[PDB]
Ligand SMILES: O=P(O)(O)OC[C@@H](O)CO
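Starting off, we have a lone chain in the form deposited without the named molecule, written out as C-alpha cells.
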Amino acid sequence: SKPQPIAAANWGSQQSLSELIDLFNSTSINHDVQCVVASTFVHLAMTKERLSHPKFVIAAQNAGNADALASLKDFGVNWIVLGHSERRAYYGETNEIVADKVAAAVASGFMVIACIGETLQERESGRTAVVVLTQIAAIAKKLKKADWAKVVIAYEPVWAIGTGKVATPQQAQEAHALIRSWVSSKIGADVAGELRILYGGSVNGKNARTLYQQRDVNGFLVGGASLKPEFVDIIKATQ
C-alpha cells in the first residue's frame, strides 16, 4: 500500500497568506496526510504564529549553511524544501551541491523535500531517465540507509513549473516508477516501499486526483494553486 501522503504548499501579502492560513485552520481533514507550508524565511514568524492545524507543518526553502540550519532549528523549523530541479535548470547548480545539502540537513535532523527533475530540452531528446537517475544517485551517494527516513522525493520537471503544462498521469507514474526501482535495487525494497515520491509542476485541484490515482504518486508539491483556496481540494485529493 502507499505510505502516508504529503501535500506541500510551496510559497504574497501577509493579509492574503493570513486569509489562507485561516482557511487552512478551519479545514476538516478526515485522513492521514501530512500537510506542509514551505515559505521564505521572512514569513516564518507569522506562519508559525498563525498556523494551527494539527496536520500541518511548516518548512523553509533552500536553507544552506550550517548556521542557517542551526537557527531554523532553534526557531522551531523542522522541514525543508530544496528546489534543485529549478536551480539546476536556470543557474546550472550541480547535483553535487544539493546532495551535500540534503546530507547536511538530514544530519541536523530535518525532514527534507528534495526537488528533482529534467528540463524541456532533456525531455525532448529522450534524456529524462538518465538525468533523473543521475540526480537521485548523487543524493544517494551521501546518505546512510537510515537517513532515508527523513527524505522525500519530489519529481518536478522544469517544464511543468508554472506553465500550465502538467505532466500526464502517465509521464508522472513513469518517472515515479523509474525512481522507485532505482531505490529498490540500489538501497533496499524496504526503503523504497516507504518512500514518498511527490509530483510537482502545474498541479491543481482540477487535475490532482487522477495524478494521485497513479500507483507511485504519493502526493504533491504545490506552488501556484497553493495560493488559492483550491489547495484544499488538493489536500483532499490525497485519498
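Only the largest set of C-alpha atoms that superpose within 1.5 Å between the two forms is called the rigid core. Shifts are known only where both forms have a C-alpha. Residue positions are given as counts along the sequence shown, with the first one as 1.
Just so you know, the form solved in complex with the named molecule exists too; it's not on screen, but the next bit is about it.
Of the stretches 119-127, 103-111, 134-142, 78-86, only 78-86 has residues with a heavy atom within 4.5 Å of the named molecule in the deposited complex. Though the named molecule is absent from this view, in the deposited complex it lies within 4.5 Å of a heavy atom of just one residue from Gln34, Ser202, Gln214, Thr27, which is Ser202. For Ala160, a non-hydrogen atom is located within 4.5 Å of the named molecule in the deposited complex, even though that partner is not displayed.
At the 4.5 Å threshold, heavy atoms of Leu20 stay clear of the named molecule in the deposited complex, well away from it. Along 203-228, these residues reach a heavy atom to within 4.5 Å of the named molecule in the deposited complex: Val203, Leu221, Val222, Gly223, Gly224.
Here the rigid core is superposed between the shown form and the other one, and of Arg123, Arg87, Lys142, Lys150 the C-alpha of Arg87 is the only one to shift by 2 Å or more. Whereas the displayed form keeps them at a certain spacing, the CA atoms of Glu124 and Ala89 lie at least 3 angstroms farther apart in the deposited complex. Taking the core as reference, just one block of three or more adjacent residues between the shown form and the other one has all its Cα positions offset by 2 Å or more: 83-93.
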